[PDB]
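For reference, work26.txt (compact mmCIF, C-alpha atoms and all ligand atoms):
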```txt
# COMPACT_ATOMS: atom_id res chain seq x y z
CA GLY A 42 -15.88 1.06 -24.11
CA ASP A 43 -17.29 -0.40 -20.88
CA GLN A 44 -19.58 -3.43 -21.08
CA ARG A 45 -21.93 -4.63 -18.33
CA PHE A 46 -22.04 -8.34 -17.53
CA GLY A 47 -24.40 -9.12 -14.62
CA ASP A 48 -23.20 -6.75 -11.89
CA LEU A 49 -19.67 -6.51 -13.30
CA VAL A 50 -18.15 -4.19 -15.87
CA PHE A 51 -15.42 -5.20 -18.31
CA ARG A 52 -13.31 -2.94 -20.48
CA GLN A 53 -10.92 -4.18 -23.15
CA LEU A 54 -7.51 -2.49 -22.83
CA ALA A 55 -5.52 -4.46 -25.45
CA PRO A 56 -6.13 -7.48 -27.72
CA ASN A 57 -5.41 -9.78 -24.78
CA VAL A 58 -6.13 -7.64 -21.70
CA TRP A 59 -9.38 -6.63 -20.01
CA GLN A 60 -10.10 -4.70 -16.84
CA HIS A 61 -12.73 -6.26 -14.57
CA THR A 62 -14.74 -4.00 -12.24
CA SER A 63 -16.92 -5.06 -9.36
CA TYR A 64 -18.83 -2.94 -6.87
CA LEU A 65 -19.26 -3.43 -3.15
CA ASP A 66 -22.71 -3.83 -1.62
CA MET A 67 -22.86 -4.08 2.12
CA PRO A 68 -25.68 -2.18 3.68
CA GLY A 69 -23.77 0.88 4.94
CA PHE A 70 -21.52 1.90 2.03
CA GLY A 71 -21.76 3.43 -1.45
CA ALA A 72 -21.36 1.28 -4.58
CA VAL A 73 -17.56 1.35 -4.52
CA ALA A 74 -15.78 0.25 -7.71
CA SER A 75 -12.74 -2.01 -7.65
CA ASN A 76 -10.69 -2.88 -10.74
CA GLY A 77 -8.45 -5.82 -11.62
CA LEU A 78 -7.16 -7.42 -14.82
CA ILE A 79 -7.75 -10.39 -17.05
CA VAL A 80 -4.87 -11.37 -19.34
CA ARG A 81 -5.16 -13.95 -22.10
CA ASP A 82 -1.73 -15.54 -22.40
CA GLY A 83 -2.19 -17.56 -25.61
CA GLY A 84 -3.99 -20.73 -24.48
CA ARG A 85 -4.66 -19.76 -20.86
CA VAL A 86 -6.00 -16.91 -18.82
CA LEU A 87 -4.28 -15.09 -15.97
CA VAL A 88 -6.22 -13.09 -13.40
CA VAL A 89 -4.92 -10.17 -11.36
CA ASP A 90 -7.06 -9.52 -8.26
CA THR A 91 -10.41 -11.07 -7.24
CA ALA A 92 -13.61 -9.07 -6.95
CA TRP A 93 -15.03 -7.95 -3.57
CA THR A 94 -16.87 -11.22 -3.00
CA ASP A 95 -16.79 -14.87 -3.93
CA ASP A 96 -20.01 -14.53 -5.91
CA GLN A 97 -18.67 -11.58 -7.86
CA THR A 98 -15.44 -13.49 -8.49
CA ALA A 99 -17.47 -16.44 -9.75
CA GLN A 100 -19.16 -14.03 -12.18
CA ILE A 101 -15.72 -13.00 -13.45
CA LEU A 102 -14.96 -16.69 -14.08
CA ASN A 103 -18.24 -17.08 -16.01
CA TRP A 104 -17.42 -14.06 -18.18
CA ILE A 105 -14.01 -15.60 -18.88
CA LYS A 106 -15.59 -18.98 -19.68
CA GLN A 107 -18.12 -17.38 -22.05
CA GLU A 108 -16.03 -14.68 -23.72
CA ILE A 109 -12.60 -16.35 -23.83
CA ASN A 110 -13.22 -20.00 -22.93
CA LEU A 111 -9.70 -20.94 -21.95
CA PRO A 112 -8.59 -22.39 -18.60
CA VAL A 113 -7.56 -19.91 -15.90
CA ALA A 114 -4.03 -21.02 -15.13
CA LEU A 115 -3.44 -18.73 -12.14
CA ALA A 116 -4.52 -15.66 -10.21
CA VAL A 117 -2.25 -13.17 -8.47
CA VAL A 118 -3.68 -10.83 -5.83
CA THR A 119 -1.95 -7.60 -5.01
CA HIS A 120 -2.56 -7.24 -1.29
CA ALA A 121 -4.65 -8.53 1.60
CA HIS A 122 -7.73 -6.28 1.55
CA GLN A 123 -11.24 -7.34 0.56
CA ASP A 124 -11.39 -5.68 -2.84
CA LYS A 125 -8.32 -7.63 -4.04
CA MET A 126 -8.62 -10.88 -2.09
CA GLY A 127 -12.33 -11.10 -1.18
CA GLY A 128 -12.92 -13.86 -3.77
CA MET A 129 -10.20 -16.40 -2.95
CA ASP A 130 -12.63 -19.23 -2.09
CA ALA A 131 -14.25 -18.90 -5.51
CA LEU A 132 -10.87 -19.19 -7.23
CA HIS A 133 -9.96 -22.22 -5.13
CA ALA A 134 -13.34 -23.88 -5.70
CA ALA A 135 -12.58 -23.54 -9.43
CA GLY A 136 -9.20 -25.25 -8.93
CA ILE A 137 -7.22 -22.13 -9.95
CA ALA A 138 -3.66 -21.78 -8.52
CA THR A 139 -3.40 -18.57 -6.50
CA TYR A 140 -0.30 -16.49 -5.71
CA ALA A 141 0.24 -13.56 -3.37
CA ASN A 142 3.09 -11.74 -1.60
CA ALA A 143 4.26 -13.96 1.29
CA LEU A 144 3.46 -11.00 3.52
CA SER A 145 -0.11 -10.87 2.08
CA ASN A 146 -0.52 -14.54 3.03
CA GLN A 147 0.86 -13.87 6.54
CA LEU A 148 -1.47 -10.88 6.95
CA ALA A 149 -4.47 -12.73 5.48
CA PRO A 150 -5.83 -14.27 8.71
CA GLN A 151 -5.65 -10.89 10.51
CA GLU A 152 -7.39 -9.11 7.61
CA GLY A 153 -10.06 -11.78 7.23
CA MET A 154 -8.77 -13.04 3.88
CA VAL A 155 -8.27 -16.59 2.70
CA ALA A 156 -4.54 -16.93 2.01
CA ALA A 157 -3.30 -17.72 -1.51
CA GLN A 158 -2.00 -21.22 -2.11
CA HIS A 159 1.50 -20.01 -3.04
CA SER A 160 3.73 -17.24 -1.68
CA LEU A 161 5.73 -14.81 -3.82
CA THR A 162 9.02 -13.47 -2.50
CA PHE A 163 11.07 -10.59 -3.84
CA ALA A 164 14.68 -9.59 -4.42
CA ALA A 165 16.18 -6.52 -2.77
CA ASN A 166 15.58 -4.56 -6.00
CA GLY A 167 11.87 -5.33 -5.73
CA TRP A 168 11.49 -7.84 -8.58
CA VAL A 169 9.70 -11.10 -7.81
CA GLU A 170 12.04 -14.06 -7.32
CA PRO A 171 11.22 -16.03 -10.43
CA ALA A 172 11.40 -19.38 -8.62
CA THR A 173 8.29 -18.29 -6.69
CA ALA A 174 6.38 -17.12 -9.78
CA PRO A 175 6.71 -20.07 -12.20
CA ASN A 176 5.07 -19.77 -15.66
CA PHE A 177 3.78 -16.24 -15.13
CA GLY A 178 4.11 -15.54 -18.86
CA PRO A 179 3.78 -11.81 -19.55
CA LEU A 180 3.07 -10.85 -15.90
CA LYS A 181 6.06 -8.91 -14.49
CA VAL A 182 5.54 -8.68 -10.74
CA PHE A 183 7.21 -5.90 -8.74
CA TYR A 184 7.11 -5.06 -5.04
CA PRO A 185 7.67 -1.31 -4.85
CA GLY A 186 7.89 -1.08 -1.07
CA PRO A 187 5.30 -0.24 1.58
CA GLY A 188 2.69 2.39 0.67
CA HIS A 189 -1.03 1.76 0.55
CA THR A 190 -0.20 -1.26 2.68
CA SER A 191 2.97 -3.06 3.72
CA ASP A 192 2.33 -5.94 1.27
CA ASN A 193 1.10 -4.10 -1.86
CA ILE A 194 2.52 -5.46 -5.14
CA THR A 195 2.24 -4.30 -8.73
CA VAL A 196 2.20 -6.00 -12.13
CA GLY A 197 3.38 -5.04 -15.62
CA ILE A 198 2.05 -6.82 -18.67
CA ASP A 199 4.85 -7.64 -21.09
CA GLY A 200 4.02 -7.13 -24.75
CA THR A 201 1.75 -4.18 -23.89
CA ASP A 202 1.99 -0.63 -22.60
CA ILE A 203 0.08 -1.53 -19.44
CA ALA A 204 1.17 -1.51 -15.83
CA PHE A 205 -1.15 -2.20 -12.88
CA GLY A 206 -0.71 -0.16 -9.69
CA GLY A 207 -3.52 -1.70 -7.62
CA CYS A 208 -4.52 0.51 -4.68
CA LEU A 209 -1.01 1.98 -4.45
CA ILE A 210 -1.73 4.34 -7.34
CA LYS A 211 -4.59 6.87 -7.56
CA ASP A 212 -5.70 8.76 -10.68
CA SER A 213 -4.13 12.12 -11.55
CA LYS A 214 -7.24 14.01 -10.39
CA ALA A 215 -7.77 12.15 -7.13
CA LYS A 216 -8.45 14.30 -4.09
CA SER A 217 -6.93 11.90 -1.59
CA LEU A 218 -4.98 8.65 -1.20
CA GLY A 219 -8.16 6.88 -0.08
CA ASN A 220 -7.87 4.43 2.82
CA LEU A 221 -4.72 5.19 4.81
CA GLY A 222 -5.50 3.05 7.87
CA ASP A 223 -2.91 0.46 6.82
CA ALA A 224 -0.60 2.84 4.94
CA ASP A 225 3.12 3.52 5.42
CA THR A 226 3.14 7.31 5.27
CA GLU A 227 6.96 7.58 5.31
CA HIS A 228 7.66 5.27 2.34
CA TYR A 229 4.49 5.75 0.22
CA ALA A 230 5.87 8.41 -2.13
CA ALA A 231 9.10 6.47 -2.77
CA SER A 232 7.09 3.32 -3.43
CA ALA A 233 4.92 5.12 -6.00
CA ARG A 234 8.08 6.44 -7.72
CA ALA A 235 9.63 2.96 -7.62
CA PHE A 236 6.59 1.53 -9.40
CA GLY A 237 7.05 4.21 -12.11
CA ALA A 238 10.73 3.31 -12.42
CA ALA A 239 10.09 -0.44 -12.55
CA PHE A 240 7.79 0.02 -15.61
CA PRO A 241 9.30 3.13 -17.30
CA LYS A 242 7.75 2.41 -20.73
CA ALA A 243 4.20 1.80 -19.53
CA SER A 244 1.88 4.55 -20.82
CA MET A 245 -1.40 3.09 -19.60
CA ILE A 246 -1.60 2.88 -15.81
CA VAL A 247 -4.40 0.72 -14.41
CA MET A 248 -5.42 1.13 -10.81
CA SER A 249 -8.04 -0.19 -8.42
CA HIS A 250 -10.35 2.80 -8.04
CA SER A 251 -10.39 4.87 -11.25
CA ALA A 252 -10.32 4.45 -15.03
CA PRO A 253 -6.95 3.83 -16.69
CA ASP A 254 -4.81 6.97 -16.59
CA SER A 255 -1.55 8.31 -17.99
CA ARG A 256 1.77 8.30 -16.08
CA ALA A 257 0.52 11.49 -14.46
CA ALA A 258 -1.36 9.15 -12.06
CA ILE A 259 2.03 8.03 -10.73
CA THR A 260 3.48 11.49 -10.19
CA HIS A 261 0.23 12.82 -8.68
CA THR A 262 0.12 9.89 -6.22
CA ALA A 263 3.75 10.41 -5.17
CA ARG A 264 3.05 14.12 -4.58
CA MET A 265 0.01 13.52 -2.41
CA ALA A 266 2.04 10.94 -0.45
CA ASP A 267 4.95 13.37 0.12
CA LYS A 268 2.47 16.07 1.19
CA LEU A 269 1.16 13.52 3.71
CA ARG A 270 4.64 12.65 4.91
CA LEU A 271 5.47 16.33 5.62
CA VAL A 272 2.40 17.15 7.70
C1 LIG B 1 -12.38 1.31 1.00
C2 LIG B 1 -11.62 1.20 -0.33
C3 LIG B 1 -10.69 2.25 -0.48
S1 LIG B 1 -10.96 3.92 -0.04
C4 LIG B 1 -12.15 4.40 -1.30
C5 LIG B 1 -11.99 4.16 -2.86
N1 LIG B 1 -12.06 5.51 -3.53
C6 LIG B 1 -12.98 6.40 -2.62
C7 LIG B 1 -13.48 7.87 -2.57
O1 LIG B 1 -13.84 8.35 -1.49
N2 LIG B 1 -13.51 8.58 -3.71
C8 LIG B 1 -13.98 9.95 -3.64
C9 LIG B 1 -13.08 7.98 -4.98
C10 LIG B 1 -13.10 5.66 -1.20
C11 LIG B 1 -9.58 1.76 -1.08
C12 LIG B 1 -8.54 2.54 -1.34
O2 LIG B 1 -8.58 3.76 -1.07
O3 LIG B 1 -7.51 2.06 -1.88
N3 LIG B 1 -9.69 0.49 -1.28
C13 LIG B 1 -10.76 -0.09 -0.49
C14 LIG B 1 -10.24 -0.67 0.84
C15 LIG B 1 -8.69 -0.72 0.61
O4 LIG B 1 -8.29 -1.16 -0.50
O5 LIG B 1 -7.96 -0.32 1.54
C16 LIG B 1 -10.80 -2.06 1.11
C17 LIG B 1 -10.07 -3.09 0.25
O6 LIG B 1 -10.62 -2.38 2.49
ZN ZN B 2 -6.26 -1.95 0.15
ZN ZN B 3 -8.59 -0.58 -2.87
```

Show this structure as structure tokens.
Amino acid sequence: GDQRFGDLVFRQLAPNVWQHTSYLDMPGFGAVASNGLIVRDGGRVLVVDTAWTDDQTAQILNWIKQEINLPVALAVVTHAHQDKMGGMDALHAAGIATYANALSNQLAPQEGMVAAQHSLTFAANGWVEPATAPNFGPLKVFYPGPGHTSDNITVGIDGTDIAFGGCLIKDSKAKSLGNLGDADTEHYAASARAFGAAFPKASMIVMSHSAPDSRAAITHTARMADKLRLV
């Protein structure tokens, strides 16, 4: 079901949802996949996560313009690392309104990211304060607590069985939790379980670094995280 477009791969998940995949090329690293989402919300398109680079992100915009040809109303990025926020300048050059966790915007300069134009804040139960996420349509944004990073956020897509874990969630066969340099090893497992609880009807779990998985992804991530906590 994957389709190549330039150096990107797109996979349709639902009538109005596609996963975008881009691959990092510095000289020094493998071709590392990163996934995000494209959501058609009627007469506009919503983007979750940039690609690694501005150029790659501009390719995503060209795919959208060709294959959907509606205006991109907004992008939300799920934390301040390159694979999620590397393409902010391309979004801004295209005049797209960008949203991130307030904490992601505060971290951005230290991480080398361009901050999003707008800051999301969250209630104590983890749900985005809806004043800070105006006209998000089907995107249900949830901060599950610190895990992969302090600022990681997650997104459910209303009307579908899809929830997006970002880099918080790893696939049910993953051997490790990936990059833990910025991780909160005490709270990670609870944050993975909270994501599962926030979207209890989602049966397709989309994540940054593997194909869409079942809910087993969530329970396998929380286990690896608790193993890490107890060492
Ligand atoms: C580096 C990237 C990683 S670690 C990585 C992805 N899966 C890898 C792997 O070794 N597999 C065997 C699948 C290595 C992750 C991550 O594990 O979540 N994401 C990026 C970095 C990150 O998100 O922390 C970039 C954004 O700095
Ligand atoms: Zn990350
Ligand atoms: Zn990642």

Contacts of region 173-175 of chain A at 10 Å (only C-alpha atoms; same-chain gap of 5+ positions) as an MDAnalysis selection string: chainID A and resid 117 140:143 159:163 180:182

Write out as a ChimeraX atom specification which residues come within 9 Å of region 118-135 of chain A when counting only C-alpha atoms, dropping same-chain ones fewer than 3 positions away. /A:63-65,74-77,88-99,102,113,115,138-142,144-146,148-149,152-158,190-196,206-208,249

Looking at only C-alpha atoms and all ligand atoms, which of A:46, A:229, A:70, A:59 is the one that sits closest to ligand LIG 1 (chain B)?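 Looking only at the distances to ligand LIG 1 (chain B), the closest residue turns out to be A:70.
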
Between A:165, A:209, A:230, A:172, which has the minimum distance to ligand ZN 2 (chain B) (counting all atoms listed in the file)? A:209

Go through A:103, A:220, A:262, A:255 one by one, measure the shortest atom-to-atom distance of each to ligand LIG 1 (chain B) using all atoms listed in the file, and give the residue with the smallest value. A:220

Axis-aligned box over every listed atom of region 144-156 of chain A, padded by 5 Å per side: centre and edges in Å to one decimal, as lines of an AutoDock Vina configuration file?
```
center_x = -3.3
center_y = -13.0
center_z = 6.3
size_x = 23.5
size_y = 17.8
size_z = 18.5
```

Nearest to ligand ZN 2 (chain B) by atom-to-atom distance, counting only C-alpha atoms and all ligand atoms, from A:271, A:253, A:219, A:263: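 For ligand ZN 2 (chain B), the nearest of the candidates is A:219.
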
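Distances from A:257, A:269, A:239, A:252 to residue 53 (chain A) were compared using all atoms listed in the file, and the smallest one belongs to A:252.
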
Which residue is closest to residue 245 (chain A)? Choose from A:205, A:83, A:100, A:223 and count all atoms listed in the file. A:205

In Å, how far is it from CA of residue 202 (chain A) to atom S1 of ligand LIG 1 (chain B)?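 Result for CA of residue 202 (chain A) versus atom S1 of ligand LIG 1 (chain B): 26.4 Å, one decimal.
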
Calculate how many Å separate CA of residue 55 (chain A) from CA of residue 81 (chain A), rounding to one decimal.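 Computing it gives 10.1 Å between the two atoms.
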
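Straight-line separation from atom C11 of ligand LIG 1 (chain B) to CA of residue 250 (chain A): 7.1 Å.
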
May I have the protein, DNA and RNA residues with an atom at most 6 Å from (-8.8, -21.3, -18.4), counting all atoms listed in the file in the file's coordinates, returned as a JSON list (two decimals) with C-alpha atoms, in the coordinates of the input?
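As a result, out-v7.json now contains:
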```json
[["chain", "number", "residue", "atom", "x", "y", "z"],
["A", 85, "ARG", "CA", -4.66, -19.76, -20.86],
["A", 86, "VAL", "CA", -6.00, -16.91, -18.82],
["A", 111, "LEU", "CA", -9.70, -20.94, -21.95],
["A", 112, "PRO", "CA", -8.59, -22.39, -18.60],
["A", 113, "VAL", "CA", -7.56, -19.91, -15.90],
["A", 114, "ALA", "CA", -4.03, -21.02, -15.13]]
```

Could you complete region 78-97 of chain A so that it carries N, CA, C and O atoms, and give it back as a compact mmCIF listing (two decimals), keeping the file's coordinate frame?
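This is the output file part-v5.txt:
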```
# COMPACT_ATOMS: atom_id res chain seq x y z
N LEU A 78 -7.47 -7.11 -13.42
CA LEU A 78 -7.16 -7.42 -14.82
C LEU A 78 -7.42 -8.86 -15.19
O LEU A 78 -7.24 -9.76 -14.37
N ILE A 79 -7.76 -9.07 -16.45
CA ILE A 79 -7.75 -10.39 -17.05
C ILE A 79 -6.80 -10.36 -18.24
O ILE A 79 -6.88 -9.47 -19.07
N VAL A 80 -5.87 -11.32 -18.28
CA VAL A 80 -4.87 -11.37 -19.34
C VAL A 80 -4.99 -12.72 -20.05
O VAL A 80 -4.87 -13.78 -19.42
N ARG A 81 -5.23 -12.70 -21.35
CA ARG A 81 -5.16 -13.95 -22.10
C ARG A 81 -3.73 -14.17 -22.55
O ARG A 81 -3.17 -13.34 -23.26
N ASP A 82 -3.11 -15.21 -22.02
CA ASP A 82 -1.73 -15.54 -22.40
C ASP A 82 -1.72 -16.74 -23.36
O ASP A 82 -1.43 -17.87 -22.96
N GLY A 83 -2.15 -16.51 -24.60
CA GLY A 83 -2.19 -17.56 -25.61
C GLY A 83 -3.32 -18.57 -25.43
O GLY A 83 -4.39 -18.42 -25.99
N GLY A 84 -3.03 -19.64 -24.68
CA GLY A 84 -3.99 -20.73 -24.48
C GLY A 84 -4.48 -20.81 -23.03
O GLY A 84 -5.11 -21.80 -22.63
N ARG A 85 -4.20 -19.77 -22.25
CA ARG A 85 -4.66 -19.76 -20.86
C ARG A 85 -4.94 -18.34 -20.42
O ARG A 85 -4.58 -17.38 -21.12
N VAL A 86 -5.66 -18.22 -19.32
CA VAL A 86 -6.00 -16.91 -18.82
C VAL A 86 -5.40 -16.69 -17.44
O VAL A 86 -5.26 -17.64 -16.67
N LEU A 87 -4.88 -15.49 -17.24
CA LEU A 87 -4.28 -15.09 -15.97
C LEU A 87 -5.12 -13.97 -15.37
O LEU A 87 -5.54 -13.05 -16.07
N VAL A 88 -5.37 -14.06 -14.07
CA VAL A 88 -6.22 -13.09 -13.40
C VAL A 88 -5.39 -12.33 -12.39
O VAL A 88 -4.63 -12.93 -11.65
N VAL A 89 -5.55 -11.02 -12.37
CA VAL A 89 -4.92 -10.17 -11.36
C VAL A 89 -6.03 -9.55 -10.49
O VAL A 89 -6.92 -8.88 -11.00
N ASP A 90 -6.04 -9.94 -9.21
CA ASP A 90 -7.06 -9.52 -8.26
C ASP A 90 -8.41 -10.25 -8.38
O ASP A 90 -8.86 -10.55 -9.48
N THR A 91 -9.03 -10.56 -7.24
CA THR A 91 -10.41 -11.07 -7.24
C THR A 91 -11.35 -9.88 -7.32
O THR A 91 -10.90 -8.73 -7.31
N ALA A 92 -12.65 -10.13 -7.26
CA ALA A 92 -13.61 -9.07 -6.95
C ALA A 92 -13.81 -8.96 -5.43
O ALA A 92 -13.12 -9.61 -4.66
N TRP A 93 -14.73 -8.10 -5.01
CA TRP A 93 -15.03 -7.95 -3.57
C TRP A 93 -15.46 -9.25 -2.91
O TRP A 93 -15.30 -9.42 -1.70
N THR A 94 -16.26 -10.05 -3.62
CA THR A 94 -16.87 -11.22 -3.00
C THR A 94 -16.61 -12.45 -3.83
O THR A 94 -16.33 -12.35 -5.04
N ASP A 95 -16.83 -13.60 -3.22
CA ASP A 95 -16.79 -14.87 -3.93
C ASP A 95 -17.78 -14.92 -5.08
O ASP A 95 -17.43 -15.37 -6.18
N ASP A 96 -19.01 -14.48 -4.85
CA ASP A 96 -20.01 -14.53 -5.91
C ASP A 96 -19.58 -13.67 -7.09
O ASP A 96 -19.72 -14.09 -8.25
N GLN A 97 -19.11 -12.46 -6.80
CA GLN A 97 -18.67 -11.58 -7.86
C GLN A 97 -17.50 -12.21 -8.62
O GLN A 97 -17.40 -12.09 -9.84
```
